[PDB]
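Visitor: Contents of my_file18.csv (CSV, C-alpha atoms):
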chain,number,residue,atom,x,y,z
A,1040,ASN,CA,25.4,9.5,32.0
A,1041,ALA,CA,25.2,5.7,32.2
A,1042,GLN,CA,28.1,5.4,29.8
A,1043,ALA,CA,30.2,7.8,31.9
A,1044,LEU,CA,29.4,5.9,35.0
A,1045,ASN,CA,30.2,2.6,33.3
A,1046,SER,CA,33.5,3.9,31.9
A,1047,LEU,CA,34.4,5.2,35.4
A,1048,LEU,CA,33.6,1.9,37.0
A,1049,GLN,CA,35.6,0.2,34.2
A,1050,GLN,CA,38.6,2.2,35.3
A,1051,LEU,CA,38.7,0.2,38.5
A,1052,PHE,CA,39.1,-3.0,36.6
A,1053,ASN,CA,42.0,-1.5,34.6
A,1054,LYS,CA,45.5,-2.9,35.3
A,1055,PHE,CA,47.3,0.5,35.3
A,1056,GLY,CA,50.6,-1.4,34.7
A,1057,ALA,CA,50.1,-3.8,37.6
A,1058,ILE,CA,49.7,-7.5,37.5
A,1059,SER,CA,46.0,-7.4,38.5
A,1060,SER,CA,43.3,-5.0,39.4
A,1061,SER,CA,41.6,-6.7,42.4
A,1062,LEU,CA,42.7,-5.3,45.7
A,1063,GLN,CA,42.6,-8.7,47.5
A,1064,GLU,CA,44.8,-10.3,44.9
A,1065,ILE,CA,47.5,-7.6,45.0
A,1066,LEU,CA,47.3,-7.6,48.9
A,1067,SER,CA,47.4,-11.5,49.1
A,1068,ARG,CA,49.9,-12.8,46.5
A,1069,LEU,CA,52.4,-9.9,47.2
A,1070,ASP,CA,54.0,-9.3,50.6
A,1071,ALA,CA,52.6,-6.6,52.8
A,1072,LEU,CA,56.0,-4.8,53.0
A,1073,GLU,CA,57.3,-4.8,49.4
A,1074,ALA,CA,53.9,-4.0,47.8
A,1075,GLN,CA,53.6,-0.4,49.1
A,1076,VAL,CA,55.7,1.2,46.4
A,1077,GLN,CA,53.9,-1.0,43.8
A,1078,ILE,CA,50.4,-0.1,45.0
A,1079,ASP,CA,51.3,3.6,45.2
A,1080,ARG,CA,51.3,4.0,41.4
A,1081,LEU,CA,47.9,2.2,41.2
A,1082,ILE,CA,46.4,4.4,43.9
A,1083,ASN,CA,47.7,7.6,42.4
A,1084,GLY,CA,46.5,6.4,38.9
A,1085,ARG,CA,43.0,5.9,40.3
A,1086,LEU,CA,43.1,9.3,42.1
A,1087,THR,CA,44.1,11.1,38.9
A,1088,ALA,CA,41.4,9.3,37.1
A,1089,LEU,CA,39.0,10.6,39.7
A,1090,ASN,CA,40.4,14.1,39.2
A,1091,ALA,CA,40.0,14.0,35.5
A,1092,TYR,CA,36.4,12.6,35.9
A,1093,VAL,CA,35.4,15.4,38.3
A,1094,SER,CA,37.0,18.0,36.0
B,598,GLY,CA,61.0,-37.3,47.2
B,599,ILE,CA,60.7,-35.2,50.4
B,600,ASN,CA,59.1,-31.7,49.9
B,601,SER,CA,59.3,-32.0,46.1
B,602,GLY,CA,56.8,-33.6,43.7
B,603,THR,CA,53.3,-33.3,42.1
B,604,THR,CA,51.0,-35.8,43.8
B,605,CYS,CA,50.5,-35.3,47.6
B,606,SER,CA,47.9,-34.4,50.2
B,607,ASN,CA,45.8,-31.1,50.0
B,608,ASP,CA,44.2,-31.0,53.5
B,609,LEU,CA,44.6,-27.2,53.7
B,610,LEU,CA,41.7,-24.8,54.2
B,611,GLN,CA,39.6,-24.5,51.0
B,612,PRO,CA,36.5,-22.4,50.4
B,613,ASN,CA,34.3,-25.5,50.4
B,614,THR,CA,31.8,-25.2,53.3
B,615,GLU,CA,28.1,-25.1,53.8
B,616,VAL,CA,27.1,-22.0,51.8
B,617,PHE,CA,24.0,-20.1,52.7
B,618,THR,CA,22.1,-16.9,51.9
B,619,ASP,CA,20.9,-13.8,53.9
B,620,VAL,CA,24.5,-12.6,54.2
B,621,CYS,CA,27.3,-11.8,51.8
B,622,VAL,CA,29.4,-14.8,52.5
B,623,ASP,CA,33.0,-14.5,51.2
B,624,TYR,CA,33.6,-16.5,48.0
B,625,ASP,CA,37.0,-17.6,46.7
B,626,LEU,CA,36.0,-20.2,44.0
B,627,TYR,CA,37.4,-20.8,40.5
B,628,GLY,CA,40.3,-18.3,41.1
B,629,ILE,CA,37.8,-15.5,41.7
B,630,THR,CA,37.7,-13.5,45.0
B,631,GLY,CA,34.9,-11.1,45.8
B,632,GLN,CA,32.1,-10.2,48.2
B,633,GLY,CA,28.4,-10.9,47.5
B,634,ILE,CA,25.2,-12.5,48.7
B,635,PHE,CA,24.3,-15.9,47.2
B,636,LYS,CA,20.8,-16.5,45.9
B,637,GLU,CA,19.3,-19.9,45.1
B,638,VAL,CA,18.3,-19.8,41.4
B,639,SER,CA,17.7,-22.9,39.4
B,640,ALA,CA,20.1,-23.1,36.3
B,641,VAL,CA,20.1,-26.5,34.5
B,642,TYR,CA,20.9,-25.1,31.0
B,643,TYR,CA,24.6,-24.9,31.9
B,644,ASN,CA,27.1,-27.0,29.9
B,645,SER,CA,28.9,-30.0,31.3
B,646,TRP,CA,32.2,-28.1,31.7
B,647,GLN,CA,30.7,-24.6,32.3
B,648,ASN,CA,31.1,-23.4,35.9
B,649,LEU,CA,30.5,-19.6,35.8
B,650,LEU,CA,28.7,-16.9,33.8
B,651,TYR,CA,29.7,-13.3,33.0
B,652,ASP,CA,27.8,-10.1,32.1
Show how you would write the structure in this file as structure tokens.

Guide:
Amino acid sequence: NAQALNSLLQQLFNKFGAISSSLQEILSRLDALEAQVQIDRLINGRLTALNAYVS
Amino acid sequence: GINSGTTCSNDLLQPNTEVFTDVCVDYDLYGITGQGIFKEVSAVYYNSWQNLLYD
């Protein structure tokens, strides 16, 4: 159970093809208008990770 | 060399203020951004160049 929770929390630190994993970094170095399509893939990757974990 | 060079002033806002506990004060030091409460713990065993510590 601890390993599953740690692996799930480690999924948040994953890059998922992006430059970084921190939300403040991606929302600060990138512009608030051109980063929507780039953050969409990260948000759906995290959502599908949640779906796989709950399954 | 107007608006081009290496050495110049750096009077912008930097995260170097009077830090204190009892509240998760925002920290943006050493290229790391996060949210957490600071706690005064004595640590003298650090190296001359060591600044942080990881888990």

Visitor: Would you give me, as a list in words, the residues of chain B that come within 12 Å of chain A, using only C-alpha atoms?

Guide: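 That gives the following set of residues: residues 623, 624, 625, 628, 629, 630, 631 and 632 of chain B.
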
Visitor: Would you output that residue set with C-alpha atoms, as a short mmCIF file (atom, residue, chain, number, x, y, z; two decimals), in the frame of the given file?

Guide:
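This is the output file part-v4.cif:
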data_model
loop_
_atom_site.label_atom_id
_atom_site.label_comp_id
_atom_site.auth_asym_id
_atom_site.auth_seq_id
_atom_site.Cartn_x
_atom_site.Cartn_y
_atom_site.Cartn_z
CA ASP B 623 33.00 -14.50 51.20
CA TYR B 624 33.60 -16.50 48.00
CA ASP B 625 37.00 -17.60 46.70
CA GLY B 628 40.30 -18.30 41.10
CA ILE B 629 37.80 -15.50 41.70
CA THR B 630 37.70 -13.50 45.00
CA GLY B 631 34.90 -11.10 45.80
CA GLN B 632 32.10 -10.20 48.20
#

Visitor: Please, what distance in Å, to one decimal, runs between atom CA of residue A:1056 and atom CA of residue A:1080?

Guide: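 It comes out at 8.6 Å.
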
Visitor: Could you pull the residues within 12 Å of residue A:1093, counting all atoms listed in the file, minus those fewer than 6 positions along the same chain, as a VMD selection string?

Guide: chain A and resid 1043 to 1044 1047 1086 to 1087

Visitor: I'd like the neighbourhood of residue A:1058 as a VMD selection string, where a residue qualifies if any of its atoms comes within 12 Å (using all atoms listed in the file), though same-chain residues fewer than 2 positions away should be ignored.

Guide: chain A and resid 1052 to 1056 1060 to 1062 1064 to 1066 1068 to 1069 1074 1077 to 1078 1081

Visitor: Atom CA of residue A:1090 to atom CA of residue A:1041: how many Å, to one decimal?

Guide: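 For atom CA of residue A:1090 relative to atom CA of residue A:1041, the distance reads 18.7 Å.
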
Visitor: List the neighbours of residue B:650 out to 12 Å using all atoms listed in the file; skip same-chain residues closer than 6 positions along the sequence, and give me the result as a VMD selection string.

Guide: chain B and resid 627 640 642 to 644

Visitor: Which residues are close to residue B:635, i.e. within 8 Å by all atoms listed in the file, leaving aside same-chain residues fewer than 4 positions away? Reply as an MDAnalysis selection string.

Guide: chainID B and resid 617:622

Visitor: From the list B:626, B:599, B:641, B:634, which residue is nearest residue B:611 when using all atoms listed in the file?

Guide: B:626

Visitor: Tell me, in Å to one decimal, how far atom CA of residue B:614 is from atom CA of residue A:1067.

Guide: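 Between these atoms lies a distance of 21.2 Å.
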